[PDB]
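First the structure, in the form of structure tokens, and then the observations on it.
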Amino acid sequence: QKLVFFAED
Amino acid sequence: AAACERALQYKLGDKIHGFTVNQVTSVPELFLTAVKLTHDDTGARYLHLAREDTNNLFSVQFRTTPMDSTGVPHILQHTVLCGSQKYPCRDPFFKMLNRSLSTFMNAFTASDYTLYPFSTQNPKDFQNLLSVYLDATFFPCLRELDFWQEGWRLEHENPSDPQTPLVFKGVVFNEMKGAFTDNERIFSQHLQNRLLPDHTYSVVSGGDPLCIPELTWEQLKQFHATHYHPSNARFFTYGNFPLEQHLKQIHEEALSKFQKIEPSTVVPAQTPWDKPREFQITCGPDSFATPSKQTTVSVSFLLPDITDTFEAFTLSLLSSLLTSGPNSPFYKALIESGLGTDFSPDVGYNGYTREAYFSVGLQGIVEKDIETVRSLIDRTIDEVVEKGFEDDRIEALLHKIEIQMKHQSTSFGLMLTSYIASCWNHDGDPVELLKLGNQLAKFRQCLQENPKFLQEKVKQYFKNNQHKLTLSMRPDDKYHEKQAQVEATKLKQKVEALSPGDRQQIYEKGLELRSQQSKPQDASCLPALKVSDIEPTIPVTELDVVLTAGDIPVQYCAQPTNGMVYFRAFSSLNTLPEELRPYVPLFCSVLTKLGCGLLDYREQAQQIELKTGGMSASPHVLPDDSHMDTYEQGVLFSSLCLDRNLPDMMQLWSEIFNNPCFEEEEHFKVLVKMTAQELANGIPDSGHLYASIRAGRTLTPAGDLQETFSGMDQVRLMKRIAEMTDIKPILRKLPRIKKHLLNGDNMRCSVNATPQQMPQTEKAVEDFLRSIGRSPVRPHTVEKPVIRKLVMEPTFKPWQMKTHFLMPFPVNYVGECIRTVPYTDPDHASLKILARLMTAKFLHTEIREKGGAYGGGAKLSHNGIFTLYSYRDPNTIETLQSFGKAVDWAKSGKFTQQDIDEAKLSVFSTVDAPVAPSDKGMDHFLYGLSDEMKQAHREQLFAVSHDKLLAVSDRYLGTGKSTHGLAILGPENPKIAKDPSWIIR
Ligand SMILES: [Zn+2]
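Sequences listed follow chains A and B, in order.
Each residue of the first sequence is one higher than the last, beginning at 9 in our numbering.
Each residue of the second sequence is one higher than the last, beginning at 29 in our numbering.
See below:
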């Protein structure tokens, strides 16, 4: 869909 | 028609919807035509990659240069997706996840840029996503309460009782808390900050948990106005969709409202040091094994700008020659020295920053040996300068890149925009990174002209570079406890400064936010697809199975693999004694690394890297589709090679099966100590998985077996072996496993290749099968139709279990598993819809939005296990309570028909995801699912109705109706400890 949550470091 | 062909018809200077074609370049090695455009009015840059690929991708990139560790570009990235002018409704992003058939939808924040990519195969869905992304990034409603939810906020423990104490909450606040649960990530962060201490690279772009609450709403709005102007943007598209449609949409919706500015966002060049530096930092203790060999040390070198593409490409190759594989100088010097357990974090070439950097070092060393390591690094550099590299390793590396270039992925557009982002961010030419044929050619020429080319390069950047950084890290047993202490002070400092008027507003605003998260709102301003837009049937996958040598089935699948061959083999574990089962993952991880025949592990590694793309073995538990207590246990051998090196690959497999070297004991300890180290470091990032696997161990035989193979039991076991003073008794177990595994008694194989290559493969594979030996412990064995032999445990009784792993974490990982029904049961489809339904409309709201946890939802596996989970959760008990309230919500039926349709869209976006030529059709090869079974299951997902959702929620998810399993990774919880129904490990 995809990769629901959003990153990063 | 075709896509790369049509792009070549573009003339330089062509004006298209506010854009001008500046360059058109054909990159035949990637089957694409690159097109550079510039927006006339804004100066915005555009890169279009035209290729006959239906999985089209869009991305927009902003240069974001923070000057503090507030995490403001990260929180902004979260907040711009919380509402826009054209779509003022709450949370357009998460809502569109269930209103689209996308293949990808996310956002990322690097150190100096923010990236918003999405991909889909539906052209109408592309336009819809394109309008929402453009409006979100350029015209966000930056409402104060959306900032309070995604960033950080002050809130009462009960938002309705203003007599309860105020606490910190926020999604990013907990996202970054859990991000720095990883010690490697702590080390990585400090490395970059100390090595590049002049500008934006000196800060924590993602957010330092202690500096996040220093961020105001105004700073967030100012930061957006400064950095999210199209003049500071890079636009990117990839695929077969008409470029004109994209430009017309981008220009008329967003870019037209702006005029050219000169962005104050340039990252200056790091001024090189005259003298090296040393720094010492601290980290968290170990999860959860042993206590003096726990120091991490590294040495880092500053490299030139990545905008110098060939020199960057050169130094990247040079970096692989130096650290990759057991034939690399630093491997023989540091790893095989027995001083540490593995390489330090971020080893090799790091090209995310403007100036790239190289790092090498060890972790798991005693602090007294720090100078020893540094001397080795010093000595190794001297030797490489004097001796250089062997030609066959240079050939091996170039062969690997050739494979990476020819291989066919499903997310090609995503890799490309990620691969060019850093170079593009600093005004480099992203197209020059694409012409790999040229860089390979020039690299070869640069070697043929100067035999000491690489030796002078190492000399320049390692022996003469005064810009060296030595960084060492030792853990602190109270690290996270100390962090909480300072956090408690900053909290009190913030509460003390509150005026009575301030305190009333926080109460009221907090109550308003809670209201926003609860009140069911309208999302009709959002574009959406319908269930009618989902294809009713799947494209048939064509196979032919041939019994060979003399009854081993081999599955052949003709695919456009672009001159690549993919070989897989599955050997059952039914003859294997149960005593040796926990040692099979270990066995598989060393099988192809210990040497074969006349090849020592060094020589063997050279062949594998020169002839194949990799050969691996891994243990698998494949659940049956019609019986919860039936499964297939075995090892999957996987390998890959170019068309021309096919016989070498199968010859390698033959020698590994017939003469593996289980006598290399010294290298064996190295691999074990390395695998154990890697497994322990990866627990936090996959904490919910380790939680889910433990929770489901007592529900299914397969679940029980999966815990043995990849659970905390496997992590703990590996750690014990790495602590063994006498490794021989483990080493003797491998020949015993070899005699049950490496033969042709219980085997089936698969081959994926081009139709032109297929007959050649049929020979090499058949020759391989004849060269391995020929001629079960458990009741019973079932034959299931061309025949798979599965283990059945019909007396398996599921048993309830709750487990709390005491980890020194600042965040938690929760998993609850429920034993339901398998794939072929008609209720399974209902459960599949229900899982995403509960996630989209309940658990996401409770666990993430209200709680502040980074991730939380429900999924249903092939094995019929319904799992509820939370990821980086500040809560534990409240999370479990939300699990119970979710099923009660599911039983209430208080959800609409539109919610069911959105759940269906979300489900089909996952199962109809694109399959790489190398993976068709693994579903048949692994799980034994025909096209018939999938269509039947696909039409069941279509027939799922509201009454079936109520029936199935009451039938399986209710308390006492089915068997549950619980597991928690996180710090001590007094409430859990006083519960006798919980086990502490
Ligand atoms: Zn994030």
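Cβ coordinates follow ideal geometry from the N, Cα and C atoms, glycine included.
Notebook entry, point to check: Quick one: what does DSSP say residue 729/B is sitting in, helix, strand or coil?
Noted result: Counting from 1 along the second sequence, the entry for residue 729/B is found at position 701. Helix at residue 729/B.
Next item on the list: Check each residue of the region 116-133 of chain B: if its Cβ is closer than 9 Å to any Cβ of chain A, include it; give the result in chain order.
Entry: Going along the region 116-133 of chain B in chain order, one finds 121, 122, 125, 126, 128, 129, 130, 131, 132 and 133 with a Cβ nearer than 9 Å to chain A.
Checklist line | Span separating the alpha-carbon of residue 608/B from that of residue 56/B | finding: Here residue 608/B refers to the residue found at position 580 of the second sequence. Here residue 56/B refers to the residue found at position 28 of the second sequence. Roughly 50 Å between the two C-alpha positions.
Check: Three or more C-beta pairs closer than 8 Å, one from the region 766-781 of chain B and one from the region 624-635 of chain B: is that the case here?
Finding: These segments do not touch.
Next item on the list: State buried or exposed for residue 384/B, treating a residue as buried only when at least 16 other CB atoms are found within 10 Å of its CB.
Entry: The count along the second sequence starts at 1 and reaches residue 384/B at position 356. By the 10 Å Cβ count, residue 384/B comes out buried.
Next item on the list: Evaluate residue 382/B with the Cβ neighbour count: other Cβ atoms within 10 Å of its Cβ, from every protein chain shown; 16 or more gives buried, anything less gives exposed.
Entry: The sequence position of residue 382/B within the second sequence is 354, counting from 1. So residue 382/B counts as buried.
Checklist line | Stretch-stretch touch, CB-based, cutoff 8 Å, three pairs: the region 793-809 of chain B with the region 963-978 of chain B | finding: no
Check: For the candidate residues 704/B, 828/B and 177/B, whose alpha-carbon lies nearest to that of residue 751/B?
Finding: Within the second sequence, numbered from 1, the residue matching residue 751/B stands at position 723. Of 704/B, 828/B and 177/B, the residue nearest in Cα terms is 704/B.
Margin query: Per the DSSP calculation, residue 886/B is bridged to which residue(s)?
Written below: Here residue 886/B refers to the residue found at position 858 of the second sequence. 896/B, per the DSSP bridge assignment.
Margin query: Using a Cβ-Cβ distance cut-off of 8 Å, determine whether residue 882/B contacts chain A.
Written below: The sequence position of residue 882/B within the second sequence is 854, counting from 1. Yes, contact with chain A.
Item checked: Any non-hydrogen atom of ligand 1 closer than 7 Å to residue 203/B Cβ -> For the purposes of this step, residue 203/B is taken as the residue at position 175 of the second sequence. Answer for residue 203/B: yes, Cβ within range of ligand 1.
Note to self: Which runs of the beta strand (DSSP E) at least 3 residues long sit entirely within the region 534-618 of chain B? Give them in chain order.
What the structure shows: 572-576, 580-586 and 592-600
Check: Touch check for the region 321-329 of chain B and the region 515-530 of chain B: three-plus C-beta pairs under 8 Å?
Finding: no
Check: Is residue 881/B near ligand 1, in the sense that its beta carbon is under 7 Å from a heavy atom of that ligand?
Finding: By one-based count along the second sequence, residue 881/B stands at place 853. Residue 881/B: no, Cβ never under 7 Å from ligand 1.
Notebook entry, point to check: Can you give, in chain order, each stretch of the alpha helix (DSSP H) that sits fully within the region 692-765 of chain B and has at least 4 residues?
Noted result: Restricted to the region 692-765 of chain B, the alpha helix (DSSP H) segments that are unbroken, complete and at least 4 residues in length are 693-709, 715-723, 729-738, 740-749 and 756-759, listed in chain order.
Next item on the list: Give the interface partners of residue 934/B over in chain A, defined as CB-CB distance under 9 Å, in chain order.
Entry: Residue numbering aside, residue 934/B sits at position 906 when the second sequence is read from its first letter. Chain A residues near residue 934/B: 9.
Notebook entry, point to check: Is residue 485/B helix, strand or coil when you go by DSSP?
Noted result: Here residue 485/B corresponds to residue number 457 of the second sequence, with the count starting at 1. Secondary structure of residue 485/B (DSSP, three-state): helix.
Next item on the list: Evaluate contact between the region 360-375 of chain B and the region 385-394 of chain B, counting only Cβ atoms and requiring at least three cross-stretch pairs below 8 Å.
Entry: yes
Item checked: Of the residues 289/B, 544/B, 54/B and 728/B, the one placed nearest residue 657/B, counting alpha carbons only -> Sequence index remark: in the second sequence, residue 657/B carries index 629 (1-based). Residue 657/B has its Cα closest to that of 728/B, out of 289/B, 544/B, 54/B and 728/B.
Item checked: Residue-level contact to chain A via CB, residue 251/B, 8 Å cutoff -> Within the second sequence, the letter at position 223 stands for residue 251/B. No, because no Cβ of chain A sits closer than 8 Å to the Cβ of residue 251/B.
Next item on the list: Measure how close the beta-carbons of residue 138/B and residue 380/B come, nearest whole angstrom, since I'm counting them as under 8 Å.
Entry: Reading the second sequence from its first residue, position 110 is the one you call residue 138/B. Reading the second sequence from its first residue, position 352 is the one you call residue 380/B. 6 Å between Cβ atoms; contact.
Note to self: Between which residues of its own chain and residue 187/B is the CB-CB distance below 6 Å, once the five residues before and five after are set aside?
What the structure shows: Counted from its first residue, the second sequence places residue 187/B at position 159. If you ignore the 5 residues before and after residue 187/B, its C-beta comes within less than 6 Å of the C-beta of 538, 539 and 542, all in its own chain and listed in chain order.
Notebook entry, point to check: Unbroken beta strand (DSSP E) runs of length 3 or more, entirely within the region 446-470 of chain B: which are they?
Noted result: none
Check: Distance, Cα to Cα, residue 874/B vs residue 841/B?
Finding: By one-based count along the second sequence, residue 874/B stands at place 846. By one-based count along the second sequence, residue 841/B stands at place 813. Each residue's alpha carbon lies about 15 Å from the other.
Notebook entry, point to check: Looking only at C-alpha atoms, which of 442/B, 51/B, 999/B and 34/B sits nearest to residue 40/B?
Noted result: Numbered from 1 along the second sequence, position 12 holds the residue referred to as residue 40/B. Residue 40/B has its Cα closest to that of 51/B, out of 442/B, 51/B, 999/B and 34/B.
Note to self: Let me see if you follow: with CB-CB separation under 8 Å, is residue 931/B close to chain A or not?
What the structure shows: The count along the second sequence starts at 1 and reaches residue 931/B at position 903. No, its Cβ sits nowhere closer than 8 Å to a Cβ of chain A.
Check: At a CB-CB cut-off below 7 Å, which residues of chain A make contact with residue 177/B?
Finding: Locating residue 177/B in the second sequence gives position 149, counting from the first residue. Neighbours of residue 177/B on chain A: none; closest Cβ ~14 Å, over 7 Å.
Next item on the list: At 3 residues or longer, and completely inside the region 62-117 of chain B: list those beta strand (DSSP E) runs for me, N to C.
Entry: Unbroken beta strand (DSSP E) runs of no fewer than 3 residues, entirely contained in the region 62-117 of chain B, are found at 73-78 and 84-91, following chain order.
Check: Hey, residue 497/B and residue 304/B: beta-carbon distance below 8 Å or not?
Finding: Here residue 497/B is taken as the residue at index 469 of the second sequence, counted from 1. Here residue 304/B is taken as the residue at index 276 of the second sequence, counted from 1. Yes.
Checklist line | Backbone CA spacing between residue 479/B and residue 434/B [nearest angstrom] | finding: Stepping through the second sequence from its first residue, residue 479/B is reached at position 451. Stepping through the second sequence from its first residue, residue 434/B is reached at position 406. About 29 Å.
Checklist line | Integer-rounded CB distance, given that residue 899/B should sit under 8 Å from residue 883/B | finding: As a working note, residue 883/B is residue 855 in the second sequence. As a working note, residue 899/B is residue 871 in the second sequence. At roughly 3 Å, the Cβ-Cβ gap stays under 8 Å, so residue 883/B and residue 899/B are in contact.
Margin query: Quick check: is the beta carbon of residue 213/B nearer than 8 Å to any beta carbon in chain A?
Written below: In the second sequence, the residue the question calls residue 213/B occupies position 185. Taking Cβ atoms only, chain A reaches closer than 8 Å to residue 213/B, which makes this a yes.
Notebook entry, point to check: Roughly how many angstroms separate the alpha carbons of residue 347/B and residue 231/B, rounded to a whole number?
Noted result: Looking up residue 347/B in the second sequence gives position 319. Looking up residue 231/B in the second sequence gives position 203. Using only the alpha carbons, I get a separation of about 26 Å.
Next item on the list: Could you tell me which of 247/B, 378/B and 221/B sits nearest to residue 308/B, measuring between CA atoms?
Entry: Taking the second sequence and counting its residues from 1, one reaches residue 308/B at position 280. Closest option to residue 308/B, Cα to Cα, is 221/B.
Notebook entry, point to check: residue 15/A: beta carbon under 7 Å from a heavy atom of ligand 1?
Noted result: For the purposes of this step, residue 15/A is taken as residue 7 along the first sequence, with counting starting at 1. With a threshold of 7 Å, the Cβ atom of residue 15/A counts as near ligand 1, since some heavy atom of the ligand is closer than that.
Notebook entry, point to check: Cβ of residue 102/B within 7 Å of any heavy atom in ligand 1?
Noted result: Position 74 of the second sequence, counted from the start, is the residue given in the question as residue 102/B. For residue 102/B, the Cβ falls inside the 7 Å cut-off from some heavy atom of ligand 1.
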